[PDB]
2 protein chains.
Amino acid sequence: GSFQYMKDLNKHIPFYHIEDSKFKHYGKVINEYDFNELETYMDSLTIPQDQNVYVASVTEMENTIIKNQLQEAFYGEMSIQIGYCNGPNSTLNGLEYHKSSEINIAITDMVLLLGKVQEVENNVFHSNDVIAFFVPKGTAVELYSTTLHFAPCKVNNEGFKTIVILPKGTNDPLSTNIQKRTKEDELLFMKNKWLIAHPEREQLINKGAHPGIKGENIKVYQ
Amino acid sequence: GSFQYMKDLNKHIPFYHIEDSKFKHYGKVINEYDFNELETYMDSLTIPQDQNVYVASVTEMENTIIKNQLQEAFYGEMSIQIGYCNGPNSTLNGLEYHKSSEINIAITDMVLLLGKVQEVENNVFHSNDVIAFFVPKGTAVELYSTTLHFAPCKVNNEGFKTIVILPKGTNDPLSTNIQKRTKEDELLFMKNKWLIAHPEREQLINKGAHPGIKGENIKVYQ
Ligand SMILES: [Cl-]
Ligand SMILES: [Fe+3]
Ligand SMILES: [Fe+3]
Ligand code: NA
Ligand code: NA
């Protein structure tokens, strides 16, 4: 099916299924929960064709039995938000991390281009360290805090839909302009979000993102 | 030198300095902040001789410039608490993680026994996967969310003192009794804290901890 097709089209990058043991360094597949209340909301959305969209916190999705289950158990009673990231993207563009776990639920098939925070050296990450993981429709994953990640890359021509679950407030605008002291301070970009942008990605550079991906702006062919 | 003395006494454990590059898999050494406000408070304490003490949130230590600096920059605007863990312990006892970053600042020399969350299999962690890191007085470290850790082990006969900084609420008592569904739900122990206890530690098992460390309850000799 789509997995083998995509693997064949992407021999320029290491390209694995999300169920591969290689994913274990980056996160965990979550199997025990069902997400019908969230799927219902996501069915009412359209995928944008001009650029990706991200909404960090959606009342409809947070006002659900499943959000309470995930807050009290998966996040150990820390307050969460549930949003979405949908779009037409096929390129790496940037890599971010949070000092928290993220859940991504694939509402369509999609690909995640991932890295490790430990592979950042002096605010540079090399494209040649990226690994791609094919995530089938319906699979939920935890991305660990040490996993660099960004918007998905599409599998179907029509683009992708994903649910994104984070501690409440993550990705909100910064309310203060810190006096930068550490290397990582150069990467802080939104609340609980550190970002390394590809220099060829003008949409990020124009917002003041730190240019730090060295290498190709990887494309996922489909 | 205390480091080489301790390394020589602990050849049964892989034993490294916190400045060793191996620690970069588990966290980061924090170098550009000034913790003098907190050091002043910690100098006013002695070390308990009978058992460890952990106080999660100390108002005086949170009403500091450093607290604001670390909240707005290191934690990217997410609310934090500042407390301490001091005591006479020399054994592994347990291994915990949070889905957040922790800062430990060594007020005395101390040793951290660490593991990786990805090395847990069916809620078991093997003692032979533990690594020890010697942390000199004055060093501050970030422990990543994927780093299993617990209370320090002492270097000096008098015990150790450490500052512990976490997202606000971490380690509070759980307010809900979840339906257990995932393996990790068996480990949830306090707010934002999952614990794998050594089966010999009744102090932990009696409080509801999951016995899951297979192997010796490692002792750090000094
Ligand atoms: Cl990791
Ligand atoms: Fe993210
Ligand atoms: Fe901890
Ligand atoms: Na499970
Ligand atoms: Na329990």
Those strands (runs of 3 or more DSSP E) completely within segment A:109-196 that have 1 or more residues that are hydroxyl-bearing (S, T, Y) and away from ligand 1 (no atom under 16 Å from the Cβ) are A:160-167
Of the residues in segment B:114-131, those that are small (G, A, S) and either touching a helix residue (DSSP H, G or I) at 6+ places or on another chain (Cβ under 6 Å) or buried (at least 20 other Cβ atoms within 10 Å of the Cβ) (or both) number 1
Checked A:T146, A:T91 against criteria (crowded, with 20+ Cβ neighbours inside 10 Å, of a type outside the set (G, A, S) and either touching a helix residue (DSSP H, G or I) at 6+ places or on another chain (Cβ under 7 Å) or over 27 Å from B:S21 (Cα atoms) (or both)); the one match is A:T146
Scanning segment A:106-138 residue by residue, those over 17 Å from A:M6 (Cβ atoms) and among the aromatic types (F, W, Y) turn out to be A:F125
Quick count over segment A:186-215, residues being surrounded by 16 or more Cβ atoms within 10 Å (Cβ to Cβ) and either touching a helix residue (DSSP H, G or I) at 6+ places or on another chain (Cβ under 7 Å) or within 30 Å of A:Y5 (Cβ to Cβ) (or both), is 11
Residue set A:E77, A:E60, A:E121; condition within 16 Å of ligand 3 (Cβ to nearest atom) and either free of Cβ contacts under 8 Å to residues at least 60 places away in the same chain or aromatic (F, W, Y) (or both); output residue A:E77
Residues of segment A:132-143 being farther than 25 Å from A:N192 by Cβ and either within 13 Å of ligand 2 (Cβ to nearest atom) or buried (at least 23 other Cβ atoms within 10 Å of the Cβ) (or both), in sequence order, are A:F134
Counting only residues that are over 17 Å from the mean Cα position of the chain (by Cα), part of a helix (DSSP H, G or I) and surrounded by fewer than 17 Cβ atoms within 10 Å (Cβ to Cβ), segment B:8-38 contains a total of 6
The correct count of residues that are within 25 Å of A:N217 (Cα to Cα) and without any contact (Cβ under 8 Å) to a residue 12 or more places away in the chain in segment A:25-49 is 0
- Return a yes/no flag: does segment A:89-106 have any residue that is away from ligand 5 (no atom under 16 Å from the Cβ), more than 14 Å from chain B (Cβ to nearest Cβ), outside any loop (DSSP other than H, G, I, E, B) and free of Cβ contacts under 8 Å to residues at least 60 places away in the same chain. yes
Reported set for segment B:197-208 where residues are in a loop (DSSP other than H, G, I, E, B) and either within 16 Å of ligand 1 (Cβ to nearest atom) or over 18 Å from B:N122 (Cβ atoms) (or both) is B:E200, B:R201, B:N206, B:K207, B:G208
Reported set for segment B:112-150 where residues are more than 14 Å from chain A (Cβ to nearest Cβ) and of a type in the set (S, T, N, Q) is B:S127, B:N128, B:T139
The correct count of residues that are within 16 Å of ligand 4 (Cβ to nearest atom), aliphatic (A, V, I, L, M) and at the interface with chain A (Cβ under 8 Å from one of its Cβ atoms) in segment B:168-222 is 2
Taking segment B:94-108 and keeping residues surrounded by 21 or more Cβ atoms within 10 Å (Cβ to Cβ) and under 18 Å from B:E158 (Cα atoms) leaves B:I105, B:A106, B:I107
Selection from segment B:36-61 of residues aromatic (F, W, Y) and out of contact with any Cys (no Cβ under 8 Å at 6 or more places or on another chain) yields B:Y41
The correct count of residues that are polar (S, T, N, Q) and under 11 Å from B:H98 (Cβ atoms) in segment B:164-193 is 3
By residue number, the members of segment B:39-48 that are out of contact with any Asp or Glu (no Cβ under 8 Å at 6 or more places or on another chain) and part of a loop (DSSP other than H, G, I, E, B) are B:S44, B:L45, B:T46, B:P48
Query - Meets criteria (in contact (Cβ under 8 Å) with a residue 24 or more places away in the chain, polar (S, T, N, Q), away from ligand 5 (no atom under 16 Å from the Cβ) and more than 8 Å from chain A (Cβ to nearest Cβ)) for B:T162 - result: yes
When segment A:40-93 is checked residue by residue, the ones that are at positive phi and over 16 Å from the mean Cα position of the chain (by Cα) are A:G76, A:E77
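We did not get these values from a lab; they are worked out from the coordinates using the rules stated. Every residue, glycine among them, receives a Cβ derived from its backbone with ideal geometry; neighbour counts consider all protein chains shown.
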